[PDB]
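First the structure, in the form of structure tokens, and then the observations on it.
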Amino acid sequence: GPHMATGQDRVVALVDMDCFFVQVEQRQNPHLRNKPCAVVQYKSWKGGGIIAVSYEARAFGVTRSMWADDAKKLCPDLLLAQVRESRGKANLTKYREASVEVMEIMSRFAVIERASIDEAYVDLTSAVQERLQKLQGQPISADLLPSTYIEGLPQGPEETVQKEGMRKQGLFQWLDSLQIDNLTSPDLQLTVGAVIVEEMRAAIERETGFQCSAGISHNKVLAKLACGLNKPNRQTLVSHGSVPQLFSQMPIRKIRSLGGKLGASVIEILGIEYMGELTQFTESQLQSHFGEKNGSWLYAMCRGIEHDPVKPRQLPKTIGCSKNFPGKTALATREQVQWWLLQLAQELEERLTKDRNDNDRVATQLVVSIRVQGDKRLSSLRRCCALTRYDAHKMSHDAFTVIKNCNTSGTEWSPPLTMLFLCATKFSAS
DNA sequence: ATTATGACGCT
DNA sequence: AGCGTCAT
Ligand SMILES: Nc1ncnc2c1ncn2[C@H]1C[C@H](O)[C@@H](COP(=O)(O)NP(=O)(O)OP(=O)(O)O)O1
Ligand SMILES: [Mg+2]
Ligand SMILES: [Mg+2]
């Protein structure tokens with residue numbers, strides 16, 4: 001009892017931007033603000049593919065992966081913004097630069113781990129300790145947490161007919177219970193972490209004009225889950241004590257890393273649907289079905305416990321460019337293949353050169369991946385070679401050299417390629 | 001014809 | 001080294 005770890009050692013948050021690519025386009029074009037809007041790529045086929053959707057547009061049922069022509073059927077007044085196109089492919093530079101704006105603000109507060117173009121984990125354990133020392137015995141006011149939800153509250157016994165009324169009542173219950181006394185209560189630490197995350201979210205909105213949501217908990221999985229509970233423009237605190245009720249009706253697929261085959265297996269092999277049901281199995285039983293690492297992870301995670309560290313990494317480990325060639329457009333000639341490789345290499349060269357100037361590093365390996373027609377896998381084949389010069393002509397020529405014997409017969413290229421992907425990796429200081 | 005592209009585990 | 005999974 002006295003010796004059972006409860007996964008309450010850290011304070012971790014996950015900050016994720018709300019409808020991020022849309023906000024980027026709305027900041028730039030004020031006519032799009034506060035309107036049902038989506039961002040699309042490649043307008044020629046079915047009006048383009050939607051990759052981001054404003055919350056006003058979601059209310060009509062518009063979603064990612066939907067065709068714009070189809071989205072317009074659900075939402076006639078839907079406004080659209082097109083992703084920039086360069087060299088015949090989508091160019092996501094505008095969103096990467098916007099991402100940098102936000103990541104640089106978050107880094108001021110604590111160590112972060114970039115997790116995607118629009119989210120990062122934050123390890124607030126040290127910052128909370130410092131803040132706790134800064135205010136001795138200072139009780140925490142509700143005004144310090146104007147956009148925070150406490151998951152699981154309010155509980156027990158009219159302002160609650162509306163959502164802000166629920167939020168405030170739950171926050172009051174939580175704050176009324178908190179003992180400022182006792183610098184080591186995990187709940188107190190989370191609360192101070194939440195205050196700091198309000199400050200962080202305020203700074204991002206002030207300095208970039210972008211709104212975001214956040215989750216604060218004791219580990220990355222719970223912080224990520226918490227982030228999505230009250231999006232948009234709100235933050236949610238998930239305490240250790242909230243986990244049994246929260247996990248009791250939480251579908252297994254909603255937990256990070258369980259959204260694929262492993263999660264399906266868990267459900268299928270154990271005959272359960274919710275994360276909390278995992279507690280009735282022994283660690284050995286879970287290890288026997290899903291392996292040593294997965295079994296141990298599951299046994300601790302269904303109890304709200306996870307030890308994956310927030311890595312101190314702001315910069316991407318790899319830099320890559322890819323393009324799909326669906327259906328009839330699959331590449332069928334040598335020349336075609338070489339031209340598209342050159343287009344990808346030119347974009348890559350730009351991004352690498354910038355990376356070298358900004359971050360004092362150079363990539364040393366080039367990985368080329370291709371997908372052949374009829375193959376469902378992301379990558380049909382991967383090959384690599386040395387990246388010794390940031391030269392687009394050398395890179396595209398070397399990439400062709402490494403995959404040219406994949407061609408069964410021809411001038412002609414077969415089987416046709418439905419994807420080309422160039423990735424620069426193995427960075428070293430410069 | 002659900003795209004562009006990341007991190008990282010397994011062998 | 002090369003492939004498979006899970007992810008936004
Ligand atoms: N499958 C995909 N393919 C291409 N781009 C994608 C993508 N999923 C996301 N993006 C791009 C476009 C997105 O804007 C961005 C962030 O991904 P989220 O955080 O998953 N989604 P958002 O921020 O939009 O809304 P909110 O978080 O409020 O739910 O990455
Ligand atoms: Mg987001
Ligand atoms: Mg995200």
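Each chain in the structure tokens gets a letter, A, B and so on, in the order shown; residues start at 1 in every chain, and ligands are counted from 1 in the order they appear.
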
Near-residue 3 of chain B list (8 Å; only C-alpha atoms (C1' of nucleotides); drop same-chain fewer than 6 positions) as a PyMOL selection string: chain A and resi 49+323-324

List the spatial neighbours of residue 8 of chain B as a JSON list (two decimals) with N, CA, C and O atoms (P, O5', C5', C4', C3', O3' and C1' of nucleotides), in the first residue's frame - criterion: any atom at most 12 Å away, only C-alpha atoms (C1' of nucleotides), same-chain residues fewer than 6 positions off excluded.
```json
[["chain", "number", "residue", "atom", "x", "y", "z"],
["A", 257, "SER", "N", -2.18, 5.09, -28.92],
["A", 257, "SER", "CA", -1.48, 3.88, -29.38],
["A", 257, "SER", "C", -2.43, 2.68, -29.42],
["A", 257, "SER", "O", -2.01, 1.61, -29.86],
["A", 317, "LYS", "N", 13.26, 14.91, -36.24],
["A", 317, "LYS", "CA", 14.41, 14.03, -36.43],
["A", 317, "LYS", "C", 14.66, 13.78, -37.91],
["A", 317, "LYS", "O", 15.71, 13.28, -38.30],
["A", 318, "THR", "N", 13.64, 13.98, -38.72],
["A", 318, "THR", "CA", 13.77, 13.75, -40.14],
["A", 318, "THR", "C", 13.06, 14.85, -40.90],
["A", 318, "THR", "O", 12.21, 15.54, -40.33],
["C", 4, "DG", "P", 6.08, -4.93, -44.32],
["C", 4, "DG", "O5'", 5.71, -4.51, -42.82],
["C", 4, "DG", "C5'", 5.90, -5.45, -41.74],
["C", 4, "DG", "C4'", 5.27, -4.91, -40.49],
["C", 4, "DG", "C3'", 3.85, -4.39, -40.70],
["C", 4, "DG", "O3'", 3.07, -4.78, -39.56],
["C", 4, "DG", "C1'", 5.24, -2.60, -39.93],
["C", 5, "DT", "P", 1.50, -4.34, -39.50],
["C", 5, "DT", "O5'", 1.52, -3.14, -38.44],
["C", 5, "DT", "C5'", 2.30, -3.26, -37.26],
["C", 5, "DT", "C4'", 2.07, -2.06, -36.38],
["C", 5, "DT", "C3'", 0.66, -1.43, -36.37],
["C", 5, "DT", "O3'", 0.28, -1.23, -34.98],
["C", 5, "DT", "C1'", 2.34, 0.26, -36.79],
["C", 6, "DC", "P", -1.21, -0.69, -34.64],
["C", 6, "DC", "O5'", -0.95, 0.85, -34.47],
["C", 6, "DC", "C5'", -0.29, 1.31, -33.31],
["C", 6, "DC", "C4'", -0.16, 2.80, -33.39],
["C", 6, "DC", "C3'", -1.51, 3.47, -33.69],
["C", 6, "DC", "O3'", -1.75, 4.44, -32.67],
["C", 6, "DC", "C1'", 0.22, 4.31, -35.10],
["C", 7, "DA", "P", -3.12, 5.26, -32.67],
["C", 7, "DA", "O5'", -2.64, 6.75, -32.93],
["C", 7, "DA", "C5'", -1.35, 7.19, -32.50],
["C", 7, "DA", "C4'", -0.94, 8.34, -33.38],
["C", 7, "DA", "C3'", -2.04, 9.22, -33.94],
["C", 7, "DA", "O3'", -2.44, 10.25, -33.06],
["C", 7, "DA", "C1'", -0.18, 8.92, -35.47]]
```

In segment 50-126 of chain A, DSSP strand (DSSP E) residues written as a VMD selection string: chain A and resid 50 to 53 79 to 82 85 to 86 89 to 90 111 to 116 119 to 123

How close does chain A get to chain C? List, as a tab-separated table, each residue of chain A within 12 Å, its nearest atom pair and the distance in Å to one decimal, counting only C-alpha atoms (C1' of nucleotides).
```
residue	atom	partner	partner_atom	distance
A:16	CA	C:8	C1'	10.4
A:17	CA	C:8	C1'	11.3
A:19	CA	C:8	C1'	11.4
A:20	CA	C:8	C1'	10.8
A:21	CA	C:8	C1'	11.6
A:51	CA	C:8	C1'	10.2
A:52	CA	C:8	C1'	10.7
A:64	CA	C:8	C1'	11.2
A:114	CA	C:8	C1'	11.9
A:115	CA	C:8	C1'	8.8
A:116	CA	C:8	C1'	6.2
A:117	CA	C:8	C1'	7.5
A:118	CA	C:8	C1'	8.0
A:119	CA	C:8	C1'	9.0
A:120	CA	C:8	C1'	11.7
A:253	CA	C:6	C1'	11.6
A:255	CA	C:6	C1'	11.5
A:256	CA	C:6	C1'	8.6
A:257	CA	C:6	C1'	6.0
A:258	CA	C:6	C1'	8.2
A:259	CA	C:6	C1'	7.4
A:260	CA	C:6	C1'	6.6
A:261	CA	C:5	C1'	8.1
A:262	CA	C:5	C1'	9.0
A:263	CA	C:6	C1'	10.7
A:367	CA	C:2	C1'	10.8
A:368	CA	C:2	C1'	11.5
A:369	CA	C:2	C1'	10.7
A:377	CA	C:4	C1'	9.1
A:378	CA	C:4	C1'	9.7
A:379	CA	C:3	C1'	8.7
A:380	CA	C:3	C1'	9.1
A:381	CA	C:2	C1'	8.1
A:382	CA	C:2	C1'	6.6
A:383	CA	C:2	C1'	7.7
A:384	CA	C:1	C1'	8.7
A:385	CA	C:1	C1'	11.1
```

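Considering only C-alpha atoms and all ligand atoms, the residue among A:84, A:218, A:10, A:234 positioned nearest to ligand 1 is A:234.
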
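Residue-level contact on chain B: within 7 Å of chain A, counting only C-alpha atoms (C1' of nucleotides), the set is residues 1, 2, 4 and 5 of chain B.
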
Residue nearest ligand 3 - candidates A:140, A:15, A:301, A:39, atoms counted: only C-alpha atoms and all ligand atoms: A:15

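The shortest atom-to-atom distance to ligand 3, with only C-alpha atoms and all ligand atoms taken into account, belongs to A:99 out of A:107, A:99, A:359, A:191.
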
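You will find atom CA of residue 216 of chain A at 5.8 Å from atom CA of residue 12 of chain A.
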
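When only C-alpha atoms and all ligand atoms are used to compute distances to ligand 2, the closest of the residues A:252, A:214, A:298, A:135 turns out to be A:214.
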
Which of segment 165-353 of chain A DSSP labels alpha helix (DSSP H), written as an MDAnalysis selection string: chainID A and resid 165:177 186:208 220:229 243:248 261:270 283:290 292:301 334:353

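Restricting the calculation to only C-alpha atoms and all ligand atoms, the smallest distance between ligand 2 and any of A:269, A:227, A:110, A:98 is found for A:227.
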